[PDB]
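Text of the file model28.cif, holding mmCIF, N, CA and C atoms:
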data_input
#
loop_
_atom_site.group_PDB
_atom_site.id
_atom_site.type_symbol
_atom_site.label_atom_id
_atom_site.label_comp_id
_atom_site.auth_asym_id
_atom_site.auth_seq_id
_atom_site.Cartn_x
_atom_site.Cartn_y
_atom_site.Cartn_z
ATOM 1 N N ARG A 440 0.829 -1.202 0.000
ATOM 2 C CA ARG A 440 0.000 0.000 0.000
ATOM 3 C C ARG A 440 0.865 1.254 0.000
ATOM 4 N N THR A 441 1.947 1.222 -0.773
ATOM 5 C CA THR A 441 2.961 2.259 -0.688
ATOM 6 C C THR A 441 3.667 2.372 -2.032
ATOM 7 N N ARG A 442 4.406 3.470 -2.203
ATOM 8 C CA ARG A 442 5.140 3.700 -3.443
ATOM 9 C C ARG A 442 6.156 2.597 -3.703
ATOM 10 N N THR A 443 7.146 2.470 -2.824
ATOM 11 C CA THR A 443 8.314 1.639 -3.098
ATOM 12 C C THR A 443 7.899 0.178 -3.168
ATOM 13 N N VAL A 444 7.856 -0.356 -4.384
ATOM 14 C CA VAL A 444 7.528 -1.750 -4.636
ATOM 15 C C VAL A 444 8.546 -2.293 -5.625
ATOM 16 N N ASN A 445 8.777 -3.603 -5.556
ATOM 17 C CA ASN A 445 9.722 -4.285 -6.435
ATOM 18 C C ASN A 445 11.116 -3.668 -6.312
ATOM 19 N N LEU A 446 11.643 -3.724 -5.092
ATOM 20 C CA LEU A 446 13.018 -3.354 -4.795
ATOM 21 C C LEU A 446 13.758 -4.580 -4.289
ATOM 22 N N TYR A 447 15.014 -4.711 -4.703
ATOM 23 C CA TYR A 447 15.838 -5.852 -4.336
ATOM 24 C C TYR A 447 16.639 -5.521 -3.086
ATOM 25 N N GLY A 448 16.565 -6.397 -2.092
ATOM 26 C CA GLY A 448 17.274 -6.177 -0.845
ATOM 27 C C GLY A 448 16.664 -7.016 0.266
ATOM 28 N N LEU A 449 16.857 -6.544 1.496
ATOM 29 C CA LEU A 449 16.295 -7.208 2.665
ATOM 30 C C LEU A 449 16.135 -6.210 3.808
ATOM 31 N N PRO A 450 14.939 -5.687 4.068
ATOM 32 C CA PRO A 450 14.799 -4.680 5.123
ATOM 33 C C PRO A 450 14.946 -5.301 6.499
ATOM 34 N N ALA A 451 15.034 -4.429 7.496
ATOM 35 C CA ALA A 451 15.249 -4.841 8.874
ATOM 36 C C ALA A 451 13.955 -5.099 9.632
ATOM 37 N N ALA A 452 12.800 -5.005 8.974
ATOM 38 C CA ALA A 452 11.534 -5.099 9.690
ATOM 39 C C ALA A 452 11.366 -6.463 10.348
ATOM 40 N N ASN A 453 11.528 -7.533 9.575
ATOM 41 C CA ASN A 453 11.297 -8.898 10.053
ATOM 42 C C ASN A 453 12.309 -9.823 9.400
ATOM 43 N N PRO A 454 13.590 -9.688 9.747
ATOM 44 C CA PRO A 454 14.597 -10.531 9.093
ATOM 45 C C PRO A 454 14.547 -11.978 9.534
ATOM 46 N N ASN A 455 14.109 -12.255 10.762
ATOM 47 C CA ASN A 455 14.076 -13.635 11.230
ATOM 48 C C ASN A 455 13.116 -14.485 10.410
ATOM 49 N N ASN A 456 12.051 -13.881 9.882
ATOM 50 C CA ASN A 456 11.056 -14.599 9.088
ATOM 51 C C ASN A 456 10.419 -15.732 9.881
ATOM 52 N N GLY A 457 10.273 -15.539 11.189
ATOM 53 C CA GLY A 457 9.721 -16.558 12.049
ATOM 54 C C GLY A 457 10.644 -17.722 12.330
ATOM 55 N N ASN A 458 11.876 -17.692 11.831
ATOM 56 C CA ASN A 458 12.828 -18.764 12.068
ATOM 57 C C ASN A 458 13.635 -18.469 13.322
ATOM 58 N N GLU A 459 13.928 -19.521 14.084
ATOM 59 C CA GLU A 459 14.729 -19.351 15.288
ATOM 60 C C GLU A 459 16.135 -18.883 14.947
ATOM 61 N N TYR A 460 16.707 -19.400 13.864
ATOM 62 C CA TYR A 460 18.078 -19.062 13.522
ATOM 63 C C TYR A 460 18.341 -19.364 12.056
ATOM 64 N N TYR A 461 19.353 -18.688 11.522
ATOM 65 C CA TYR A 461 19.911 -18.981 10.209
ATOM 66 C C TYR A 461 21.216 -19.728 10.431
ATOM 67 N N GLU A 462 21.341 -20.908 9.830
ATOM 68 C CA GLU A 462 22.472 -21.797 10.053
ATOM 69 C C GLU A 462 23.369 -21.842 8.824
ATOM 70 N N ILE A 463 24.662 -22.035 9.069
ATOM 71 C CA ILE A 463 25.654 -22.236 8.022
ATOM 72 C C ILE A 463 26.662 -23.262 8.518
ATOM 73 N N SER A 464 27.115 -24.120 7.610
ATOM 74 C CA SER A 464 28.095 -25.151 7.899
ATOM 75 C C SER A 464 29.355 -24.877 7.096
ATOM 76 N N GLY A 465 30.470 -25.422 7.565
ATOM 77 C CA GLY A 465 31.696 -25.299 6.793
ATOM 78 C C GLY A 465 32.862 -25.960 7.487
ATOM 79 N N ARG A 466 34.028 -25.794 6.873
ATOM 80 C CA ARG A 466 35.282 -26.315 7.391
ATOM 81 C C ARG A 466 36.116 -25.153 7.918
ATOM 82 N N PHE A 467 37.020 -25.458 8.847
ATOM 83 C CA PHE A 467 37.692 -24.449 9.663
ATOM 84 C C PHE A 467 39.153 -24.864 9.793
ATOM 85 N N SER A 468 40.028 -24.177 9.064
ATOM 86 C CA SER A 468 41.450 -24.490 9.014
ATOM 87 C C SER A 468 42.238 -23.408 9.739
ATOM 88 N N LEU A 469 42.958 -23.805 10.783
ATOM 89 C CA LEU A 469 43.711 -22.900 11.634
ATOM 90 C C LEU A 469 45.157 -23.367 11.681
ATOM 91 N N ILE A 470 46.089 -22.418 11.605
ATOM 92 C CA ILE A 470 47.517 -22.717 11.536
ATOM 93 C C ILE A 470 48.207 -22.009 12.699
ATOM 94 N N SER A 471 47.556 -21.999 13.856
ATOM 95 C CA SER A 471 48.074 -21.301 15.020
ATOM 96 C C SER A 471 49.464 -21.811 15.396
ATOM 97 N N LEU A 472 50.098 -21.084 16.310
ATOM 98 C CA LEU A 472 51.470 -21.332 16.741
ATOM 99 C C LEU A 472 51.419 -21.766 18.202
ATOM 100 N N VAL A 473 51.366 -23.075 18.418
ATOM 101 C CA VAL A 473 51.167 -23.638 19.752
ATOM 102 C C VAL A 473 52.395 -23.381 20.620
ATOM 103 N N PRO A 474 52.276 -23.398 21.947
ATOM 104 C CA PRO A 474 53.470 -23.414 22.799
ATOM 105 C C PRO A 474 54.020 -24.805 23.057
ATOM 106 N N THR A 475 53.456 -25.829 22.425
ATOM 107 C CA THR A 475 53.686 -27.199 22.856
ATOM 108 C C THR A 475 55.137 -27.611 22.644
ATOM 109 N N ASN A 476 55.656 -28.370 23.603
ATOM 110 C CA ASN A 476 57.018 -28.868 23.564
ATOM 111 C C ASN A 476 57.165 -29.913 22.458
ATOM 112 N N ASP A 477 58.365 -30.488 22.362
ATOM 113 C CA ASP A 477 58.639 -31.622 21.491
ATOM 114 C C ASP A 477 59.197 -32.794 22.285
ATOM 115 N N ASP A 478 58.769 -32.927 23.541
ATOM 116 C CA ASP A 478 59.182 -33.997 24.446
ATOM 117 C C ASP A 478 60.636 -33.867 24.893
ATOM 118 N N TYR A 479 61.343 -32.839 24.426
ATOM 119 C CA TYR A 479 62.607 -32.438 25.019
ATOM 120 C C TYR A 479 62.307 -31.336 26.033
ATOM 121 N N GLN A 480 63.343 -30.766 26.643
ATOM 122 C CA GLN A 480 63.182 -29.844 27.765
ATOM 123 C C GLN A 480 62.327 -30.480 28.853
ATOM 124 N N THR A 481 62.849 -31.570 29.397
ATOM 125 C CA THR A 481 62.143 -32.344 30.401
ATOM 126 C C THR A 481 63.186 -33.185 31.122
ATOM 127 N N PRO A 482 63.065 -33.379 32.435
ATOM 128 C CA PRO A 482 64.197 -33.898 33.204
ATOM 129 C C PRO A 482 64.600 -35.298 32.791
ATOM 130 N N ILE A 483 65.830 -35.647 33.154
ATOM 131 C CA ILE A 483 66.445 -36.843 32.605
ATOM 132 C C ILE A 483 65.726 -38.094 33.089
ATOM 133 N N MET A 484 65.130 -38.051 34.278
ATOM 134 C CA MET A 484 64.331 -39.169 34.790
ATOM 135 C C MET A 484 62.847 -38.990 34.466
ATOM 136 N N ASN A 485 62.582 -38.726 33.188
ATOM 137 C CA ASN A 485 61.234 -38.557 32.649
ATOM 138 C C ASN A 485 60.702 -39.926 32.254
ATOM 139 N N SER A 486 60.343 -40.725 33.250
ATOM 140 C CA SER A 486 59.854 -42.052 32.905
ATOM 141 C C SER A 486 59.305 -42.740 34.139
ATOM 142 N N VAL A 487 58.351 -43.647 33.912
ATOM 143 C CA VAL A 487 58.132 -44.719 34.867
ATOM 144 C C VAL A 487 59.488 -45.333 35.141
ATOM 145 N N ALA B 2 107.597 -50.099 60.886
ATOM 146 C CA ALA B 2 106.601 -49.123 60.465
ATOM 147 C C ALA B 2 106.091 -49.389 59.059
ATOM 148 N N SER B 3 106.490 -50.512 58.463
ATOM 149 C CA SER B 3 106.015 -50.823 57.124
ATOM 150 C C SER B 3 104.513 -51.048 57.086
ATOM 151 N N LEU B 4 103.885 -51.308 58.232
ATOM 152 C CA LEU B 4 102.483 -51.694 58.221
ATOM 153 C C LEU B 4 101.553 -50.541 57.916
ATOM 154 N N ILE B 5 102.045 -49.311 57.781
ATOM 155 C CA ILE B 5 101.164 -48.209 57.401
ATOM 156 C C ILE B 5 100.517 -48.494 56.055
ATOM 157 N N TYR B 6 101.318 -48.908 55.079
ATOM 158 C CA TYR B 6 100.783 -49.131 53.743
ATOM 159 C C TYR B 6 99.849 -50.333 53.725
ATOM 160 N N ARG B 7 100.241 -51.417 54.395
ATOM 161 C CA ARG B 7 99.358 -52.571 54.505
ATOM 162 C C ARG B 7 98.032 -52.182 55.137
ATOM 163 N N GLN B 8 98.078 -51.380 56.199
ATOM 164 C CA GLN B 8 96.858 -50.989 56.886
ATOM 165 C C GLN B 8 95.983 -50.121 55.999
ATOM 166 N N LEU B 9 96.581 -49.175 55.275
ATOM 167 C CA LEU B 9 95.785 -48.320 54.404
ATOM 168 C C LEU B 9 95.117 -49.136 53.306
ATOM 169 N N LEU B 10 95.866 -50.042 52.675
ATOM 170 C CA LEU B 10 95.264 -50.894 51.655
ATOM 171 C C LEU B 10 94.151 -51.756 52.236
ATOM 172 N N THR B 11 94.388 -52.375 53.394
ATOM 173 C CA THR B 11 93.397 -53.288 53.953
ATOM 174 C C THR B 11 92.137 -52.548 54.375
ATOM 175 N N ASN B 12 92.287 -51.372 54.973
ATOM 176 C CA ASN B 12 91.165 -50.603 55.486
ATOM 177 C C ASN B 12 90.553 -49.675 54.449
ATOM 178 N N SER B 13 91.047 -49.697 53.208
ATOM 179 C CA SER B 13 90.562 -48.797 52.168
ATOM 180 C C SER B 13 89.050 -48.832 51.962
ATOM 181 N N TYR B 14 88.363 -49.879 52.426
ATOM 182 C CA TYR B 14 86.923 -49.978 52.209
ATOM 183 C C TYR B 14 86.156 -48.816 52.835
ATOM 184 N N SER B 15 86.709 -48.177 53.869
ATOM 185 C CA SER B 15 86.002 -47.087 54.538
ATOM 186 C C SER B 15 85.807 -45.874 53.638
ATOM 187 N N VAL B 16 86.569 -45.770 52.549
ATOM 188 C CA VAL B 16 86.368 -44.655 51.641
ATOM 189 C C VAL B 16 85.001 -44.713 50.988
ATOM 190 N N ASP B 17 84.368 -45.884 50.933
ATOM 191 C CA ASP B 17 82.984 -45.935 50.478
ATOM 192 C C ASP B 17 82.081 -45.161 51.429
ATOM 193 N N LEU B 18 82.284 -45.342 52.733
ATOM 194 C CA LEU B 18 81.522 -44.580 53.711
ATOM 195 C C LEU B 18 81.813 -43.094 53.571
ATOM 196 N N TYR B 19 83.081 -42.754 53.353
ATOM 197 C CA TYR B 19 83.450 -41.353 53.164
ATOM 198 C C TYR B 19 82.778 -40.767 51.926
ATOM 199 N N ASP B 20 82.709 -41.547 50.847
ATOM 200 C CA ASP B 20 82.036 -41.098 49.637
ATOM 201 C C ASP B 20 80.556 -40.869 49.892
ATOM 202 N N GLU B 21 79.924 -41.763 50.651
ATOM 203 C CA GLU B 21 78.525 -41.550 51.003
ATOM 204 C C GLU B 21 78.356 -40.263 51.798
ATOM 205 N N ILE B 22 79.264 -40.009 52.741
ATOM 206 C CA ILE B 22 79.172 -38.801 53.556
ATOM 207 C C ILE B 22 79.286 -37.554 52.693
ATOM 208 N N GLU B 23 80.305 -37.493 51.836
ATOM 209 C CA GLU B 23 80.457 -36.289 51.026
ATOM 210 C C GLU B 23 79.311 -36.148 50.031
ATOM 211 N N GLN B 24 78.753 -37.265 49.555
ATOM 212 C CA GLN B 24 77.577 -37.193 48.696
ATOM 213 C C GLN B 24 76.392 -36.587 49.435
ATOM 214 N N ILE B 25 76.173 -37.000 50.684
ATOM 215 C CA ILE B 25 75.092 -36.416 51.474
ATOM 216 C C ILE B 25 75.360 -34.940 51.727
ATOM 217 N N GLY B 26 76.623 -34.582 51.945
ATOM 218 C CA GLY B 26 76.948 -33.191 52.202
ATOM 219 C C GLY B 26 76.717 -32.299 50.997
ATOM 220 N N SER B 27 77.101 -32.770 49.813
ATOM 221 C CA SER B 27 77.106 -31.915 48.634
ATOM 222 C C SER B 27 75.691 -31.571 48.191
ATOM 223 N N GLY B 28 75.496 -30.310 47.813
ATOM 224 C CA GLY B 28 74.295 -29.939 47.099
ATOM 225 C C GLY B 28 74.283 -30.524 45.701
ATOM 226 N N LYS B 29 73.096 -30.547 45.100
ATOM 227 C CA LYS B 29 72.874 -31.243 43.842
ATOM 228 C C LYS B 29 72.133 -30.335 42.870
ATOM 229 N N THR B 30 72.401 -30.544 41.582
ATOM 230 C CA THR B 30 71.674 -29.908 40.493
ATOM 231 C C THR B 30 71.393 -30.986 39.455
ATOM 232 N N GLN B 31 70.937 -30.584 38.273
ATOM 233 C CA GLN B 31 70.532 -31.539 37.247
ATOM 234 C C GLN B 31 70.322 -30.767 35.947
ATOM 235 N N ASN B 32 70.043 -31.499 34.871
ATOM 236 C CA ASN B 32 69.817 -30.918 33.555
ATOM 237 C C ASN B 32 68.424 -31.258 33.038
ATOM 238 N N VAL B 33 68.018 -30.489 32.032
ATOM 239 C CA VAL B 33 66.686 -30.511 31.441
ATOM 240 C C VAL B 33 66.834 -30.811 29.957
ATOM 241 N N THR B 34 67.678 -31.791 29.624
ATOM 242 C CA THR B 34 68.490 -31.838 28.408
ATOM 243 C C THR B 34 67.909 -31.122 27.192
ATOM 244 N N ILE B 35 68.744 -30.276 26.587
ATOM 245 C CA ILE B 35 68.304 -29.351 25.553
ATOM 246 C C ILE B 35 67.823 -30.115 24.324
ATOM 247 N N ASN B 36 66.935 -29.472 23.549
ATOM 248 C CA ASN B 36 66.438 -30.030 22.298
ATOM 249 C C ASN B 36 67.281 -29.539 21.128
ATOM 250 N N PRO B 37 67.777 -30.415 20.258
ATOM 251 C CA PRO B 37 68.214 -29.969 18.933
ATOM 252 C C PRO B 37 67.021 -29.886 17.988
ATOM 253 N N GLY B 38 67.272 -29.334 16.807
ATOM 254 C CA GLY B 38 66.256 -29.240 15.786
ATOM 255 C C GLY B 38 65.543 -27.907 15.605
ATOM 256 N N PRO B 39 66.143 -26.760 16.044
ATOM 257 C CA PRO B 39 65.809 -25.467 15.430
ATOM 258 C C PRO B 39 66.497 -25.224 14.087
ATOM 259 N N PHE B 40 66.351 -26.176 13.167
ATOM 260 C CA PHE B 40 66.963 -26.066 11.848
ATOM 261 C C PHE B 40 66.126 -25.251 10.873
ATOM 262 N N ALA B 41 64.956 -24.764 11.287
ATOM 263 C CA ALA B 41 64.062 -24.007 10.409
ATOM 264 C C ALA B 41 63.436 -22.886 11.235
ATOM 265 N N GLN B 42 64.073 -21.722 11.221
ATOM 266 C CA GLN B 42 63.416 -20.530 11.735
ATOM 267 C C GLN B 42 62.245 -20.179 10.828
ATOM 268 N N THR B 43 61.182 -19.641 11.423
ATOM 269 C CA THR B 43 59.918 -19.404 10.735
ATOM 270 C C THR B 43 59.556 -17.927 10.790
ATOM 271 N N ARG B 44 59.309 -17.334 9.624
ATOM 272 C CA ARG B 44 58.888 -15.945 9.553
ATOM 273 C C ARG B 44 57.403 -15.838 9.890
ATOM 274 N N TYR B 45 56.925 -14.602 10.048
ATOM 275 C CA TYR B 45 55.539 -14.404 10.455
ATOM 276 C C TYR B 45 54.553 -14.927 9.419
ATOM 277 N N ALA B 46 54.472 -14.242 8.284
ATOM 278 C CA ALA B 46 53.487 -14.496 7.245
ATOM 279 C C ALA B 46 53.699 -13.472 6.141
ATOM 280 N N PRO B 47 53.065 -13.611 4.990
ATOM 281 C CA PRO B 47 52.941 -12.458 4.090
ATOM 282 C C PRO B 47 51.866 -11.514 4.607
ATOM 283 N N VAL B 48 52.302 -10.368 5.126
ATOM 284 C CA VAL B 48 51.447 -9.414 5.821
ATOM 285 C C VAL B 48 51.389 -8.135 5.003
ATOM 286 N N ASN B 49 50.177 -7.638 4.782
ATOM 287 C CA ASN B 49 49.936 -6.399 4.061
ATOM 288 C C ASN B 49 49.089 -5.482 4.928
ATOM 289 N N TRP B 50 49.472 -4.214 5.013
ATOM 290 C CA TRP B 50 48.790 -3.267 5.882
ATOM 291 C C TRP B 50 47.723 -2.510 5.106
ATOM 292 N N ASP B 51 46.570 -2.300 5.741
ATOM 293 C CA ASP B 51 45.490 -1.567 5.095
ATOM 294 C C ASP B 51 44.622 -0.903 6.149
ATOM 295 N N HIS B 52 43.846 0.081 5.708
ATOM 296 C CA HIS B 52 42.869 0.699 6.590
ATOM 297 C C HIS B 52 41.819 -0.323 7.004
ATOM 298 N N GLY B 53 41.277 -0.136 8.201
ATOM 299 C CA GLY B 53 40.332 -1.081 8.759
ATOM 300 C C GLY B 53 38.992 -1.069 8.056
ATOM 301 N N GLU B 54 37.936 -1.444 8.772
ATOM 302 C CA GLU B 54 36.603 -1.584 8.187
ATOM 303 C C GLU B 54 35.879 -0.250 8.296
ATOM 304 N N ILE B 55 35.869 0.501 7.195
ATOM 305 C CA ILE B 55 35.141 1.760 7.161
ATOM 306 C C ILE B 55 33.658 1.488 7.340
ATOM 307 N N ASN B 56 33.000 2.328 8.136
ATOM 308 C CA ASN B 56 31.589 2.150 8.463
ATOM 309 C C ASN B 56 30.752 3.074 7.584
ATOM 310 N N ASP B 57 30.484 2.616 6.368
ATOM 311 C CA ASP B 57 29.744 3.416 5.408
ATOM 312 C C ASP B 57 28.243 3.320 5.660
ATOM 313 N N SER B 58 27.508 4.254 5.062
ATOM 314 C CA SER B 58 26.049 4.225 5.097
ATOM 315 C C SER B 58 25.551 5.007 3.890
#

This structure in structure tokens:
Amino acid sequence: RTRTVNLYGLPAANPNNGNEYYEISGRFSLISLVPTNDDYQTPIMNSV
Amino acid sequence: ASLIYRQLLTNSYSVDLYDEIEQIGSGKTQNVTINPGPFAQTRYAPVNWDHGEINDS
């Protein structure tokens, strides 16, 4: 009941569209720099 | 007086007790044996500087 009709986009009035959530799936590749040792720097009696 | 040397040789076993005593007396340390294999130093990344996220409207 208004001028602006047939416009492409998505207004903020009701974005949820009655849905609890919008979901997305994917893969997650991380190349972080751990502090982890290499089993050295550990005392000489490092054993059962 | 020749028996000094015989006596020292025969009684030499007491040096084990002496070694135990000095071992108990001495303070102690130890090692954390070092790692080899820093054969590949690693640079940060290919990094490029730019302005942040401008908030347009």

query: What residues in chain B lie within 6 Å of chain A, counting only N, CA and C atoms, written as a PyMOL selection string?
result: chain B and resi 32-36

field: Coordinates-based distance that separates CA of residue 58 (chain B) from CA of residue 446 (chain A) (Å, one decimal)
entry: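 We find that CA of residue 446 (chain A) and CA of residue 58 (chain B) lie 18.0 Å from each other.
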
Assuming 5 Å of padding per side, give the centre and edge lengths of the axis-aligned box around every listed atom of region 24-28 of chain B, in Å to one decimal and as JSON.
{"center_x": 76.5, "center_y": -33.6, "center_z": 49.0, "size_x": 14.5, "size_y": 17.3, "size_z": 16.5}

- prompt: Which residues in chain B does DSSP call alpha helix (DSSP H)? List them as JSON, numbers by chain.
  reply: {"B": [4, 5, 6, 7, 8, 9, 10, 11, 12, 15, 16, 17, 18, 19, 20, 21, 22, 23, 24, 25, 26]}

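Rounded to one decimal, CA of residue 27 (chain B) and CA of residue 11 (chain B) lie 27.4 Å from each other.
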
- prompt: In Å to one decimal, how far is CA of residue 473 (chain A) from CA of residue 45 (chain B)?
  reply: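 Atom-to-atom, CA of residue 45 (chain B) to CA of residue 473 (chain A), that is 13.8 Å.
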
Please output region 441-464 of chain A, rebuilt to include N, CA, C and O atoms, as a short mmCIF file (atom, residue, chain, number, x, y, z; two decimals), in the frame of the given file.
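Below is the file that was written, result.cif:
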data_model
loop_
_atom_site.label_atom_id
_atom_site.label_comp_id
_atom_site.auth_asym_id
_atom_site.auth_seq_id
_atom_site.Cartn_x
_atom_site.Cartn_y
_atom_site.Cartn_z
N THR A 441 1.95 1.22 -0.77
CA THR A 441 2.96 2.26 -0.69
C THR A 441 3.67 2.37 -2.03
O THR A 441 3.54 1.50 -2.90
N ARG A 442 4.41 3.47 -2.20
CA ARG A 442 5.14 3.70 -3.44
C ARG A 442 6.16 2.60 -3.70
O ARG A 442 6.06 1.86 -4.69
N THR A 443 7.15 2.47 -2.82
CA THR A 443 8.31 1.64 -3.10
C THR A 443 7.90 0.18 -3.17
O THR A 443 7.62 -0.45 -2.14
N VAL A 444 7.86 -0.36 -4.38
CA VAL A 444 7.53 -1.75 -4.64
C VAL A 444 8.55 -2.29 -5.62
O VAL A 444 9.11 -1.55 -6.43
N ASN A 445 8.78 -3.60 -5.56
CA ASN A 445 9.72 -4.28 -6.44
C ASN A 445 11.12 -3.67 -6.31
O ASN A 445 11.69 -3.15 -7.27
N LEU A 446 11.64 -3.72 -5.09
CA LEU A 446 13.02 -3.35 -4.80
C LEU A 446 13.76 -4.58 -4.29
O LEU A 446 13.20 -5.39 -3.55
N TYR A 447 15.01 -4.71 -4.70
CA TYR A 447 15.84 -5.85 -4.34
C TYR A 447 16.64 -5.52 -3.09
O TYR A 447 17.30 -4.48 -3.03
N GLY A 448 16.57 -6.40 -2.09
CA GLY A 448 17.27 -6.18 -0.84
C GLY A 448 16.66 -7.02 0.27
O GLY A 448 16.06 -8.05 0.01
N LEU A 449 16.86 -6.54 1.50
CA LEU A 449 16.30 -7.21 2.66
C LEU A 449 16.14 -6.21 3.81
O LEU A 449 17.12 -5.90 4.49
N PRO A 450 14.94 -5.69 4.07
CA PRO A 450 14.80 -4.68 5.12
C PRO A 450 14.95 -5.30 6.50
O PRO A 450 14.97 -6.52 6.67
N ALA A 451 15.03 -4.43 7.50
CA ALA A 451 15.25 -4.84 8.87
C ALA A 451 13.96 -5.10 9.63
O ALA A 451 14.01 -5.38 10.83
N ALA A 452 12.80 -5.00 8.97
CA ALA A 452 11.53 -5.10 9.69
C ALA A 452 11.37 -6.46 10.35
O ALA A 452 11.10 -6.56 11.55
N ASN A 453 11.53 -7.53 9.57
CA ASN A 453 11.30 -8.90 10.05
C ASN A 453 12.31 -9.82 9.40
O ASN A 453 11.96 -10.68 8.58
N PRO A 454 13.59 -9.69 9.75
CA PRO A 454 14.60 -10.53 9.09
C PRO A 454 14.55 -11.98 9.53
O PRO A 454 14.92 -12.86 8.75
N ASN A 455 14.11 -12.26 10.76
CA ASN A 455 14.08 -13.64 11.23
C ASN A 455 13.12 -14.48 10.41
O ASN A 455 13.34 -15.69 10.25
N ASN A 456 12.05 -13.88 9.88
CA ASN A 456 11.06 -14.60 9.09
C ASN A 456 10.42 -15.73 9.88
O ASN A 456 10.07 -16.78 9.33
N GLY A 457 10.27 -15.54 11.19
CA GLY A 457 9.72 -16.56 12.05
C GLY A 457 10.64 -17.72 12.33
O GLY A 457 10.23 -18.66 13.02
N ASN A 458 11.88 -17.69 11.83
CA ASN A 458 12.83 -18.76 12.07
C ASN A 458 13.64 -18.47 13.32
O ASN A 458 13.98 -17.32 13.60
N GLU A 459 13.93 -19.52 14.08
CA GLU A 459 14.73 -19.35 15.29
C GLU A 459 16.14 -18.88 14.95
O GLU A 459 16.71 -18.06 15.66
N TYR A 460 16.71 -19.40 13.86
CA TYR A 460 18.08 -19.06 13.52
C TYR A 460 18.34 -19.36 12.06
O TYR A 460 17.66 -20.18 11.44
N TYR A 461 19.35 -18.69 11.52
CA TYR A 461 19.91 -18.98 10.21
C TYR A 461 21.22 -19.73 10.43
O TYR A 461 22.10 -19.23 11.14
N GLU A 462 21.34 -20.91 9.83
CA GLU A 462 22.47 -21.80 10.05
C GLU A 462 23.37 -21.84 8.82
O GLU A 462 22.91 -21.70 7.69
N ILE A 463 24.66 -22.04 9.07
CA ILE A 463 25.65 -22.24 8.02
C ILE A 463 26.66 -23.26 8.52
O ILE A 463 27.02 -23.28 9.70
N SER A 464 27.12 -24.12 7.61
CA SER A 464 28.10 -25.15 7.90
C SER A 464 29.36 -24.88 7.10
O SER A 464 29.33 -24.17 6.09
#
